[PDB]
Each structure stands twice: as structure tokens, then as C-alpha cells.
Amino acid sequence: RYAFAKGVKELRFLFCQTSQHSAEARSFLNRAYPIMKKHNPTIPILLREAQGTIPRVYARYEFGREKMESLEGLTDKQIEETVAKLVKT
Amino acid sequence: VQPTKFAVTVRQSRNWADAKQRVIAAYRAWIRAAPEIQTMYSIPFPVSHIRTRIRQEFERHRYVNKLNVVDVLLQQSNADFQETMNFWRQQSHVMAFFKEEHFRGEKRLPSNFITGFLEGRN
Amino acid sequence: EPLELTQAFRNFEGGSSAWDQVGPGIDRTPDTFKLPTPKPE
Amino acid sequence: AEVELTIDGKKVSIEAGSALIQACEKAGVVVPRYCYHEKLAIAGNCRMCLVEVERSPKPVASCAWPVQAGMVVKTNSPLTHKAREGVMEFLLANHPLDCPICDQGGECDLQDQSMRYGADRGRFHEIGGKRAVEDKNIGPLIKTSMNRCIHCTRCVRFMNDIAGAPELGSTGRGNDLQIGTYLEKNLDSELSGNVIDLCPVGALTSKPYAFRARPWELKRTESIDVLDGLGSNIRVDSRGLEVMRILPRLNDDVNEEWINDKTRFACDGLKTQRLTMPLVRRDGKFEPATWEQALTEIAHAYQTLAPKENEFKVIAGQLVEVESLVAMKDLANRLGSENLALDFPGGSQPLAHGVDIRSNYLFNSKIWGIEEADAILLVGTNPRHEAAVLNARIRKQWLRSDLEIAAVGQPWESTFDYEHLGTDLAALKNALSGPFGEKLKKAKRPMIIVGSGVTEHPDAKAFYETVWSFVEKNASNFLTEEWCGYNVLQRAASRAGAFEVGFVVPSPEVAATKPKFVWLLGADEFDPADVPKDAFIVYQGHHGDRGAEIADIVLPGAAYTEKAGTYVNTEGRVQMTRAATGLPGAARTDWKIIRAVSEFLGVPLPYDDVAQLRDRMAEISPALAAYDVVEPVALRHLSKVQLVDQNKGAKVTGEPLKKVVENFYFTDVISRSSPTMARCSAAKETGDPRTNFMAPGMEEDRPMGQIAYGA
Amino acid sequence: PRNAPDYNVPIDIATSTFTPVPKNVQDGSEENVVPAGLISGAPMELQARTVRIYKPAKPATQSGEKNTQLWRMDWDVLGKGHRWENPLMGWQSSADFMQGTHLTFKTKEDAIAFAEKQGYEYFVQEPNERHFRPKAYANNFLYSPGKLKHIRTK
Amino acid sequence: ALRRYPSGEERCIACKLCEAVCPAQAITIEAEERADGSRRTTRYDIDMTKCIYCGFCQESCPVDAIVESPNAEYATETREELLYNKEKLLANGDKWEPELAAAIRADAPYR
Amino acid sequence: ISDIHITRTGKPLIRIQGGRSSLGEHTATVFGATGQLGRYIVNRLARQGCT
Amino acid sequence: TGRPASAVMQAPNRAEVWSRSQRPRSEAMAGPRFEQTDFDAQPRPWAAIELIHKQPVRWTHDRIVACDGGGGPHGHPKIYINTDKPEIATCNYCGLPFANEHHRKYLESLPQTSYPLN
Ligand SMILES: NC(=O)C1=CN([C@@H]2O[C@H](COP(=O)(O)OP(=O)(O)OC[C@H]3O[C@@H](n4cnc5c(N)ncnc54)[C@H](OP(=O)(O)O)[C@@H]3O)[C@@H](O)[C@H]2O)C=CC1
Ligand code: SF4
Ligand code: SF4
Ligand code: SF4
Ligand code: SF4
Ligand code: FES
Ligand SMILES: [Zn+2]
């Protein structure tokens, strides 16, 4: 629940609408996104979904650098910690 | 044999051991004939350059794992071999097989993205 | 050399009729090769 | 309650109250027709579809006869054969021998069904001759040859019921009954060119198309229109180098067999003002250059200026595909820039709606949702001029239901009656708290539609907060499993695609930076303040227009008929064009220009093939890989963080909403270069209804004719 | 390498300046697929180009649906070499030997099966279908309890 | 040859029937409205090195515009001289018209 | 080396590189082309679709 | 490549093109291929548009007029032309002008007509 480093240009969350994968990414976004968009209001947090999409998260850094992390088989708490690594330094 | 000089009756291979013998037999006949091919069509290349082309032709199909497809390639090789060793092909046909003798070169595709883009899709 | 046509071939296949013009035709199987049919009652 | 009936001895089931001809189509039985069209009211006047029905003495019109519980229908009996032959004989008795000179020839249902269902020879040899009828001037787009008319009534039914333009009709009686406007007048519908296609005969033909091609010589490419935000499905007919005509193809989800006039007739703009070679300005005059010479000058001028963060600015235009935006977003980020702007007022500023949730900017109830809508509020949009085929969908539901429409914004002459609640943000709040809010609250299938010009309004942050707060307060009406009531309408083909990939300026800090290098990615409607005068301008595009003339380097790109490009329409449907013709001159594919400049700028993009770029698209947004479907938005409720929470505190000016389309005919670069759109603009201004108004042909005050079209 | 273009593919005698660089040429080791494109004699170019597989839409100018019954396989037009104006007569020259060729299939699995077997890149465009709605002649004459809202003319 | 009416107006109205029926694809036609609004051709070429001299165009023409003259003695020095455009064909019709009308006069009952 | 050649006097030549039917864009005069060497320059230009 | 009048005039009886996509003769017969050539020897048929407009208006009292080109089987398919508008009606096949006698005074009033009227 804090603003990310100055490197974070944007966040991208990709997930699906069904229960093929878990609902942990959806529950996590249900909670995380309002407070994450709150504390630092100028960071594009793109939530893009599509049928059959494995959960992932992308973090854009400076000059076009990106890191992706798979959220499959991961509970929301681990999803919460997975994002924490991508955003704190 | 019987119909004309280098005529090979069309037969299926019994097994992969049978097929491999034919493929090696076909290669052996091809690279053996390379000296004759040079002087018979007056090719302006050394037998070394011709024999390399033979291996590459056999290497395009090295990864085939299907017996029926091999039988097709073997039949094509025999047909090409017969029409070469018999003087049925003309120098234009054999010379066209060497990709260097096209006035636009042999590297007929762009080296990378930016050379093809600057020239206009190659 | 690679093929290069001064005038490209013009295919008028797209002018094929938007309606079927022949129909399904007629059945002419002889009776000796059509199955029997159950009589009424 | 699908009843069960017999047609040609084979059983078919269909809903009760359906026309017999609809059951024949379901059963696969072909029935000839002229008056009947699936999208028009049943007429029953041509007599071509007569079939034999058991327990019915007279042969029956299969388009008008209702299906019953147990009817038996014979469509290939002698009685049916005799009916079709006799009706075809009457249709051809007065029909003019004009197929060599008629433009329907080769795509004519009268010729095809005469060959199929009629006799081989005619028996009309009257010394008294045939009926001949005078021609009618009904505007600059529709050439008339009224002898060919067979009186099916399709153009009247379309113009009246569908288009809402009750100026076409029929006068007279008997054999002398004549279709037209009783007094020569321009047909004022942006849907008028649909009568040309609907006409089975060549009585109403396209004036710009007149005599140019035969149907069998045309390559037919199914593609998508990009001059609107709906992504209307179209067929592009081309003859080698030249595109000759645009036709609509059926997509009941988006355009429902129709297209608008600019979509149809702006295709002549594709061949007049085209960018075909790179240009480098020098000593104040443009000069030709090679592609190496132009990319070198981009690389040199970039180094010389050494732009810092967000000093590299990209403005995207209306006709830009997602491949170009993704490749350009990858380029701009590698230069440190997040300054990605759009071609409209406030496009260079962060948008009142965000892009974090797809539902913030999409037409959430789908275009199909209008078919069930109970109550509609239109905020700051003239739908006839921004989404005409969607505007006719609202009229169709309005005609056949108790659907109530109201509008807040500038009044427009509408094809459906609407309640004008006001023109400003004050009026919106009063409406939602007023009688029409009650209509919205007590209605299944409510719709609030926000125009793209509201996004360009200074009070835009207060409009989306006002609208969405209503959506949340009255949810379980607006926000249900089967329904979304909040809608954003895009009049441009590129906006929703840009939103999908985050091609927007994120923060006012990026908006504040004054750019040194500015890349106009097909931008020609940019504000003359988002482009600083002392900046190196690069224009990439297909048309020489406003953007190209003020630029330092002009790079020739590709039009939508010359590329496979990905477009996202107003509802989020991802669609792909198909190239009909190749690139002209030395032009290049738009995304490959960006990829080529990246090697020259020292930041080579990873992708070399378009398949690799299209894999990169799935990483940004996976719905971009699903063509011709609309991926549902899972977290709809999260459209409150950016539409209310971030928009809660916003200054309000109270300025009126505006008109984002001053003139329908001149909207993009393709239509502004179209000689046909020039005639439409001239004829609307001067009221001229003559066919040859600025076209070839004899006119009373022009007895020598003229060769010019468009002048 | 994940859709990378193989700039080192061997050329054949039909490789021209208009031939695109392929991604994936058949080698005869693909699982379960007959490699017809390897033995057909067809140039390398046809494994570099994309075909479209679709049901042709009904023309907007006619009601006949005869040409919508079958599945069509068509080659996409390239950026260069599809057409140009011959300077002598003004005729339209081509370098695309596939420009006037199309294939017809009874089902799209057939079209896909043929395309996989030859090694064409392909894109499948599903047909838009009509949304059924019953139509009745008597709806032209419904009683209007209120303002007419539209005046019908037969 | 391309023929005229007795008034001198072109017989050709750009129907494209001869271009469609041509077994050898020897005919190329372009057309628009003329300055007076008449349906006329702008390009009418016949590649005499593609033409198989079968008379199908003359049979398909609804106005007797395209005809084959009796002339056979027009061998040329270069192949380019055998690419007839509209100017060459209308000049041929002007020169050969009395034969063209006589041949049409004799055989039209059988056509 | 490209689809554009700009001549000394500035003419831009948009060229379609190919064979016999292609558009080389150049118009060349070759004096003394009927000798031993004239056949190799004329051949090279003409087969690129140059006049 | 052309100085003489045969190389510039679109036709002997008309200087100007008569369609927008018509190539002007001056540009068409220009370039290297027209260097050592006789230009009067080139095929230059007369413009049909100029000839048909010398044809006088065929006046009629009947509303509908048949036209088949005048050769019987040697003309064009028979079509029927309406003369009710106050203007010269023209056959869409042969270009022949037709006018009703009801409109003679207004057509005689017109400053210039498409057809001679006499
Ligand atoms: N070949 C060699 O080894 C060398 C040649 N060169 C130069 O190379 C060039 C080409 O050599 P190459 O092709 O072998 O020479 P060739 O002798 O084979 O051809 C010379 C050309 O000059 C033309 N020509 C000669 N005299 C006249 C004249 N009075 N009027 C018009 N045309 C004339 C000839 O036309 P026509 O056939 O009608 O006579 C012919 O086409 C020449 O300039 C030559 O001097 C110089 C050094 C070495
Ligand atoms: S409408 Fe049909 S039948 Fe009538 S002239 Fe035109 S093509 Fe021929
Ligand atoms: S003009 Fe065409 S659409 Fe209108 S009634 Fe006559 S035939 Fe039908
Ligand atoms: S020559 Fe005859 S068939 Fe050919 S376009 Fe002219 S009128 Fe039609
Ligand atoms: S005679 Fe020649 S131009 Fe006429 S149809 Fe036969 S091949 Fe074609
Ligand atoms: S289609 Fe039924 S009467 Fe015309
Ligand atoms: Zn006539």
C-alpha cells in the first residue's frame, strides 16, 4: 500500500474471466487495485483480460525494460508478494 | 535398366534399414558421377563445388522420419539421376541448379530486416 | 528466371452465378435395386 | 415455441409468427424473390415467391404467409413452375433492353432468376412498344435509370423505415407508378447509398461508379472500415491497382448489412493526394529522398537535439492501426518518452476516463445491446454524424418498442424523437436526478452513452464522475450479469485500440514537458498548440494533408486498403483488415517504418516479422489475439477508481457541450481528398439535386458537358 | 525462435526480389503431418506467405447465396509485386504467381488440413451468421395507441 | 476493327462482353462517362499476339462494334506494331467500313 | 540499392526491381552498342526493365 | 516528342480530351519511342463526341420514341425513350437526339443547346 519506485512506468495484469486458473488474481485485483491506484495516482495499471489467459503481471521500468511474473497456481498473498518484488527498491 | 539406361523400377522400401541403404546408394551414385557431370555439361565449377551441392540436397531431407516420404524422395532422385546421366538435360537445366548463376546473385533474400527494408522487400 | 508477366492473368471466376443454375436432378435408380417398402396395415 | 412444418417433403422447425420464406431459408430451400429483404418490412408485391401450400387454392406469397402448426409446402410443383414463369414474363414485358449499358449486369438478380426460373425467350413483341419513364434527379450520388425499375419498393421501405428520410416515395398509379421524389431534391441521408445495393435492378446506381467496371473483373476483399469507430464490415472490390467500390458485408453484431456514405464513397480519395516517396524539407521546400537518406536525417536530428525524457512526443491519428501504436510505444519508451498523445483536443492531456479498466472507455452494452434497450441517455454526441449505422439501430428499436430517448448536449436533427434535456454538465445532473433518471432507474436494459467529444470537453472529469456515480448508485439495473448500462462511443477507429495498449499520456508531468522531437503518426487533426513551432516534426502517413505540410520529414505509409492492420472498435471488438492492393510508389508498412527508424536511432525493436509484433500485442493485452469477438470485462465495478475516485475533485466551468463534427463529409484525410465528398459538401451547401452537378454529363446550362469529376 | 524470420533459408530458382523471408519451412519431421510442401515441387515462397481461409460473404448487390456455400483459400497480396503499370501499354504487370489462384473446400477442417500439409501460413476468418428474428406482414398495420412515430408507405 | 453508326458516333458502349468472352484474354478495356455523359471506352486494346482469331467478341457484341475485317495482309516489322489501341482500331474501322457493312449485310440473317 | 534513385538533376526514380517486365526507370543511350562491349551494358540495363 | 498538329490535337476535329481519364495525345505520343516517326501517318480517328452533336434534333409529338440505330437487325437493341422533360432526350446506345414538340418554344428560347435543333 505504498507508491512504487521511480522506475515503475506502468503495471500490466493479464488474467482470464473463468475458473480455469484460480480466482486469486481476480480477488487480489479486487482488493489491490483501488489502493495501488490510490497511493501513486500517475502509474498506468492496465488490467487486460481474455478467455484462456494464464495469469501474469508485467512491470515496465525505465527505457522500455520489463519484467513479467506468472501468477498461475499462486494464492493472492503470494500474488501480493510477487508484485512487491517488482515495485520496491 | 531394361526400359532405358538408368531406369529404376518403382518399389517401396521394406523398412528403415532398407531405406537407408538406398539413400546412401543414391548419394554414392551422385557424387561418383560428379566428374562426368562437369565434363558432360561443361560446368564452369570444380567437382568439389558440384559435390557440395549434392550433399546439401541430401541434407535438406536429412530430418525426414516418414518412410513413405523417403520413397517419394528416392524416386525423384533416380529420375533426376537418369535424366542427367543420359544427356536429356541441357546445360541450361543443370546450370539453373547452381544458384550462383542468376544475374541477381545467390543471396536472393535480404540479409536482415534493415537491408530488405531500405531496398523495398528485398 | 522467376516468372514475371507483362499483363497479369485476369480471373473472371468471381462472375459465377450467385444462384444455383442446375438444381438437384432426377433419381433414376431401377426398381430392381431399390429396397422394398412395407405394405399398409 | 418452434412449430413444425413440411417444405418439399423435408421437415423444418421455426418460431411461430415467422414468414414461410424464412422457413424455406432455414430448410435450405431456395425461393426466388425481388420485394422481400430480410432487413425490410414485408411487401408481397413482386409475386416471384409464390409457392404451393396444401389446403390453399390460390398459390401463396411465401414472404407474407405465416407458418402454421402443420402446413405442407411444395416449391417445385408444376403450379410453382408456372407461377414463376408467368411472373418473370410480366417483369420483363416492359423492362428496357439495357444490360449492355446497365451497371447491374453480371450481378443482377433479374438476369439470374430469369435464367433460373423464367423461360428462355420472350413473347412481348407489341407494336405499341414498352413503357418509358423520365429520369429523376435525387442528388449527386445516385444515378437513376427509371425504366429499369420493377417496383419492388425496397428503396422506399429502406429510406422511410430504416434511414428515417421520408423523401423517396412513389407517385402515380398502374403501369405509370413511378418511384422518386415528387419534386427534385437531394436525398438527405448519410445512409442513402444503401439503396444502390438494395435495388435488385440498375435503376438506382452509384454516380461515381458509373460505367467503370464489370462485377466479374473485381477482386473481392473482405475488410473493415476505419473512417468510423464502429468497424463496419465491408467488401473492397478492386481491379489490380485501383480500388473501385466499397460494399457492405453482413455482420449483425456491428453494421447489419449497411454502411454510411463516407464509408462507401470516400474510396476515390485513396488515389489522389497520396504519399509515395520520402520527402526532406530543405531551404523551406520539400525535396525527394531515399529511405536511407530520410532515416539518416532522423537519426542525425535526434542526436543534435538529444531529447530528454518526454521531449520525444508521438501524436497518433484517427486511421492508425495497433501494430503501429505498439511498435511506436516500444520505440518511444526506449527513448525515455511516455509522451503518447492522440489527435484530438485534450488528447495530449491525460484523459478523463482512464485506461486501467477496459470498461472505462468501451461501449459496454454491445452494439447488439441496442436491440433490447428500454431507455437511452445520449450525452454530448450527435449519433447520426458519429455512428450512423448505430444511429439507425436506435431508430429500429425505437420503431418497434416503447424505447425512450433523451439527450444532453447540442441538439441535432434526429431520425428518432428524443427529449433534449440540456446542453451542459448542469443539465446532466438535473436529468439524472429528474424525470429521465426515473425512466433510467425503473427500466430493464438502461443505456447511458457518452460521446468522444465529452472526453474533449474541459468539464470531462466532472462528466464521467457524474455519469458513473449514477451507474454505481443504480446498479443491479446498470451492472448486472446480463447487462452493462454505461457506454462510451468512439467516432474514430484508432481510439479504442490506443486505449487497449495504453497509448495515452499518463500524468500531467509528461503533459507539461515541451517536446523537441514530435512524431506525427498519421495525425492531421492535432491542435495547433500541441506541436511547438521550434520542434523537429516527422510525419508518417499515406495522405498529403495538414500534418504533412508542417513537417520536416515526410515518410510515406500505407492506407487501410493496403495493409493487414488490427483495429478495435467502440465496443472492444478486435478486427483485422485485409490488403486489397499493394503499396504505391516507395511507401512502406507503417509498423516497419517505426522498426526501421529504431535501428537508426540505436534502439532496434526486437521484432522483425509482424507475427513477432503480434505476439508482443498479446503481452500488452491478450484480447488483441482474439479476432472478431468481444472479450467481456470481468471487474466492471473497478471502473470507479479512475472515473469517480480520481475524478472526484475537478474544477467545473459549465461550458456547453460541443459539436465535434462540423461537416460530416470532411472528417479524415481520406474523405477530405475525396472528389465525391467534395460534391456532397457542395450540393448540401447549394441545394443542387442534379446528378451531374459537378460531374460529367449534359446539363441545360452546360450543353457541351465536362470531363471533370468533383469540380 | 518464436516467429523469427529465417534469413538463412536456402533459396530455389523461383525465389525473386518479391519473395518474403520465411519463418518455418517444412523438414519432414513435423509430428503427424504429411510434408507435402517438402516434396510438391512448389517454391519456398509458399511456406513464407499467408493464405486466408474463409466463407465468402454474400454480395450486397444480390440475394443469391450460391457462392457462400464453400470455403475459400486465398493468398494475401504482398506489399510489392502484386501489380504495377506497364509503361508501354498501361497494362497491369504482376510478379505474384499466386494472384489468380484460389482453392475451394467443403469444410474449413479440410482447408486447414490442406494448408498444414502444404506448409502455408494461414488465417481462419469465421463467417458472420445472421441473427434470426421472425417477420410478419401484419406488423405493417399495428394499432398505435399513441402518436404515430412514423408514417408507413406500403 | 471498331465501327461507327452512320452519324459517326462510336458503336462501342463498354459492355465488356468481348473482354469477358475472349478465350485468350487479348482484350483490355477501361471506361467511364464521357464529357456528354455517354457510356464509352477510354481504353480498347487488342493484343494481336494473344488473339486466336475465333470471332467470339464479334459474336458477343450486342451493337456490332467489334468485328473482324477480311484483311489478312498486315504483317509487321516489330511486335509492338501488333499491340492495337483504340486509335488503331477506330482507324481500321474507318478504312474498312464498306467491307464491314457488306460482310455484315451478307451474313446477319445467319447470325 | 533501393526503390529510389535521385538523378543528378533531381528526378526521383521510383523503381520496381525485377526482371524483364519490371520498372528500372532509367532511359539510357548507348553509342557504339553494336560492338564487342556494347552487348554487355545494353543487356544489363534492358533486363532490369530500363529503356 | 511532337511538334506537328497531328501530335498535339486529340483528334482532327477536336483539340481537347473528352474524358477525365483520357491521356492527352501530347503526353501519350511523347518519349523515346516517338523520336524518328511520321506523326501524320499515325492513326487519328475523328472524335465521335463532336460528330454526334452535329446531328439535328428529331422532333416528335409522341411521348415515347423507339430507337434501334436505324439498321434494323444491323443497329442496337431497341429501347424506348421518354421525351416528357423539357430538354433534348438522347438514345443511350447511339446518342441520337430526340425532343417533344411541346418543348419547342422553350428549347428555341435556350441560348445554346447540346444539339443544333435544326
Ligand atoms: N576492346 C578493347 O580491348 C578495347 C577497347 N577500347 C574502347 O572500348 C570501347 C568499346 O570497345 P569494343 O566494343 O571492343 O569496340 P568495337 O570495335 O567492338 O566496337 C566499337 C563501336 O564503335 C562504333 N563505331 C566505330 N566507328 C564509328 C563511326 N565512325 N561512326 C559511328 N559508330 C562508329 C561501331 O559501330 P559499327 O559496328 O557500326 O562499326 C561499334 O559499335 C571503344 O571506345 C574502344 O575504343 C579501348 C581499349 C581496349
Ligand atoms: S437491371 Fe438486370 S436485366 Fe435489367 S438491364 Fe440491368 S442487368 Fe439487364
Ligand atoms: S428503383 Fe429499384 S429499389 Fe426502388 S422500387 Fe424500383 S426496382 Fe425496387
Ligand atoms: S466492342 Fe461491343 S462487346 Fe466489346 S465493349 Fe464495345 S460494345 Fe461491348
Ligand atoms: S478473335 Fe481474338 S480478341 Fe476476339 S474473342 Fe477471339 S481471341 Fe479474343
Ligand atoms: S418476395 Fe414474396 S411477393 Fe415479392
Ligand atoms: Zn439509338
Side-chain angles (χ1 to χ4, degrees), chain C residues 1-15, chain D residues 212-219 237-244 271 580-584, chain E residues 14 16-18 75 77-78 80-102, chain F residues 2 12 14 16-31 41-54 56-57 60 66 76 78-89, chain G residues 14-25 46-51, chain H residues 21 23 28 31 33:
Chain C
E1 310 201 314
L3 161 78
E4 200 154 343
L5 292 160
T6 294
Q7 179 165 49
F9 183 73
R10 288 169 282 164
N11 201 343
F12 299 149
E13 62 85 20
Chain D
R212 288 173 60 225
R214 284 290 190 189
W216 61 78
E217 77 203 26
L218 303 173
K219 178 191 176 61
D237 312 79
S238 85
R239 203 182 45 194
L241 284 174
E242 30 173 3
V243 173
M244 320 271 297
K271 38 151 161 141
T581 67
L583 299 144
Chain E
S16 90
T17 65
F18 303 98
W75 276 260
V77 348
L78 298 179
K80 302 302 151 127
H82 184 250
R83 284 299 192 285
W84 65 91
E85 192 135 31
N86 169 254
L88 174 55
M89 278 333 261
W91 291 341
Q92 299 210 19
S93 329
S94 207
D96 179 10
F97 51 69
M98 289 325 282
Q99 63 84 24
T101 318
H102 79 269
Chain F
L2 278 174
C12 187
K16 299 165 153 138
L17 267 51
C18 56
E19 191 182 43
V21 80
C22 185
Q25 307 230 319
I27 308 171
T28 317
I29 305 163
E30 293 173 60
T41 51
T42 301
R43 158 205 308 288
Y44 194 107
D45 321 311
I46 302 175
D47 189 337
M48 309 300 272
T49 80
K50 283 191 196 64
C51 174
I52 64 146
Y53 303 83
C54 59
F56 291 14
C57 31
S60 58
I66 192 61
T76 67
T78 58
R79 186 137 101 72
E80 292 95 343
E81 295 163 66
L82 299 160
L83 300 173
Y84 286 9
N85 68 13
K86 194 182 161 176
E87 318 292 334
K88 176 69 163 126
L89 279 148
Chain G
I14 316 296
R15 291 160 38 100
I16 303 163
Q17 288 266 58
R20 198 179 177 81
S21 300
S22 76
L23 308 191
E25 261 70 35
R47 90 197 167 182
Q48 270 129 36
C50 297
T51 299
Chain H
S21 55
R23 202 177 165 193
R33 281 183 315 103

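Residue numbers begin at 1 in each chain, while the letters A, B, ... track the order of the sequences.
- Distance check: E/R83 CZ to E/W91 CH2 gives 14.0 Å after rounding to the nearest 0.5 Å.
- For the pair C/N11 (side chain) and E/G100 (backbone), a donor-acceptor distance under 3.5 Å is present.
- Counting only distance, with no hydrogens or angles, the side chain of E/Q99 and the backbone of E/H82 share no donor-acceptor pair below 3.5 Å.
- Shown here for F/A24 and F/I52, the closest heavy-atom pair between the two residues is CB-CG2, 4.2 Å.
- The pair D/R239-D/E242 meets the salt-bridge criterion, since a charged nitrogen lies less than 4.0 angstrom from a carboxylate oxygen.
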### Task
Quick one: do C/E4 and G/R20 satisfy side chain to side chain contact (heavy atoms under 4.5 Å, CB included)? Show the steps, please.
CA-CA 7 Å; C/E4 200 154 343; G/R20 198 179 177 81; 5.9 Å; no
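- Legend: residues meeting side-chain contact (heavy atoms from CB on, under 4.5 Å) with E/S16, ordered by chain and number and at least two apart, are C/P2, E/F18, E/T19.
- One finds the CG atom of C/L5 at 7.5 Å from the OG atom of E/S94 (value rounded to the nearest 0.5 Å).
- Between the side chain of E/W84 and the main chain of G/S21, a donor-acceptor pair closer than 3.5 Å is present.
- Using a 4.0 Å cut-off between a side-chain N of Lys or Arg and a carboxylate O of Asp or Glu, H/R33 and F/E80 do not qualify as a salt bridge.
- Atom CG of E/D96 and atom CE of E/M98 lie 8.0 Å apart (nearest 0.5 Å).
- Considering all non-hydrogen atoms of both residues, F/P23 and F/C54 come closest at CD-SG, 3.8 Å.
- Considering CD of D/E217 and OG of D/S238, their distance stands at 11.0 Å, rounded to 0.5 Å.
- The two residues G/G18 and E/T17 have their closest heavy-atom pair at CA-OG1, 4.2 Å.
- Of all heavy-atom pairs spanning F/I29 and F/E19, the tightest one is N-OE2, 2.7 Å.
- In this structure, F/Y44 contributes its side chain and F/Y84 its backbone to no donor-acceptor pair below 3.5 Å.
- The distance from atom CG of F/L17 to atom SG of F/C57, rounded to the nearest 0.5 Å, is 11.5 Å.
- Judged purely by distance below 3.5 Å, without hydrogens or angles, the side chains of G/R15 and G/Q48 never pair a donor atom with an acceptor atom.
- With a 4.5 Å cut-off on side-chain heavy atoms, C/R10 and F/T28 count as touching.
- With sequence neighbours excluded, no residue forms a side-chain hydrogen bond (donor to acceptor under 3.5 Å, both in side chains) with D/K219.
- Annotation for F/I27 and F/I46: closest pair CG1-CG1, 3.9 Å, computed over non-hydrogen atoms.
- Under the 3.5 Å distance criterion, the side-chain polar atoms of F/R43 are matched with a main-chain donor or acceptor of E/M89.
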Report the C-alpha distance between F/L82 and F/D47 in whole Å, list the side-chain angles of each, state the deciding distance to 0.1 Å, and finish with yes or no for side chain to side chain contact (heavy atoms under 4.5 Å, CB included).
CA-CA 7 Å; F/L82 299 160; F/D47 189 337; 5.8 Å; no
Practice item. Please test C/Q7 against F/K50 for side chain to side chain contact (heavy atoms under 4.5 Å, CB included), starting from the C-alpha separation and ending with a verdict. Key: CA-CA 11 Å; C/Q7 179 165 49; F/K50 283 191 196 64; 3.9 Å; yes
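- The two residues D/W216 and F/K16 make their nearest non-hydrogen contact at CZ2-O, 3.8 Å.
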Step-by-step side chain to side chain contact (heavy atoms under 4.5 Å, CB included) determination, D/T581 to D/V243: CA-CA 8 Å; D/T581 67; D/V243 173; 4.0 Å; yes
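- Here F/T41 contributes atom OG1 and F/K86 contributes atom NZ; the two are 3.0 Å apart, rounded to the nearest 0.5 Å.
- In terms of the side-chain hydrogen bond (donor to acceptor under 3.5 Å, both in side chains) criterion, residue partners of F/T78 (sequence neighbours excluded) are, by chain and number, F/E81.
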